[PDB]
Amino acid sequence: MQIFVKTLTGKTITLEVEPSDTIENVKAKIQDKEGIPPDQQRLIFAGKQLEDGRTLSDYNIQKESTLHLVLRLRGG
């Protein structure tokens, strides 16, 4: 299934994920593609911050959903 990962700074990342992938997995997939270290990422769906160990299905994130990416970088 296809999900868009949109940055607050503009850019849309398209990914092919499995419905049961953990959020940590999506992060590894973003790293795969963009090179942004998982540790640096914060994923958000419906205005909320998502947790690592949960799955896309747990959050009701379905085909064509949009997630947001925020960076958590050293020293603010």
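Under this definition, the rigid core comprises the largest set of C-alpha atoms superposing within 1.5 Å between the forms. All residue numbers are counted from 1 along the displayed sequence.
Undergrad: Relative to this form, superposed by the core, which stretch has the greater CA RMS in 6 other deposited structures of this protein: 5-13 or 61-69?
TA: Looking at 5-13 versus 61-69 in 6 other deposited structures of this protein, the farther one turns out to be 5-13.
Undergrad: Superpose by the rigid core and compare 41-49 with 22-30; which one moves more, by C-alpha RMS, in 6 other deposited structures of this protein?
TA: Between 41-49 and 22-30, the one lying farther away in 6 other deposited structures of this protein is 41-49.
Undergrad: Out of 5-13 and 19-27, which stretch has the higher average CA B-factor listed in the record?
TA: The stretch with the larger average C-alpha B-factor is 5-13.
Undergrad: What third of the chain does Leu69 rank in for C-alpha temperature factor, lowest, middle or highest?
TA: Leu69: CA B-factor falls in the lowest third of its chain.
Undergrad: Test of reading the entry: by CA B factor among the chain's modelled residues, which third contains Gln40?
TA: For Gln40, whose C-alpha B-factor we compare with every modelled residue in the chain, the answer is the highest third.
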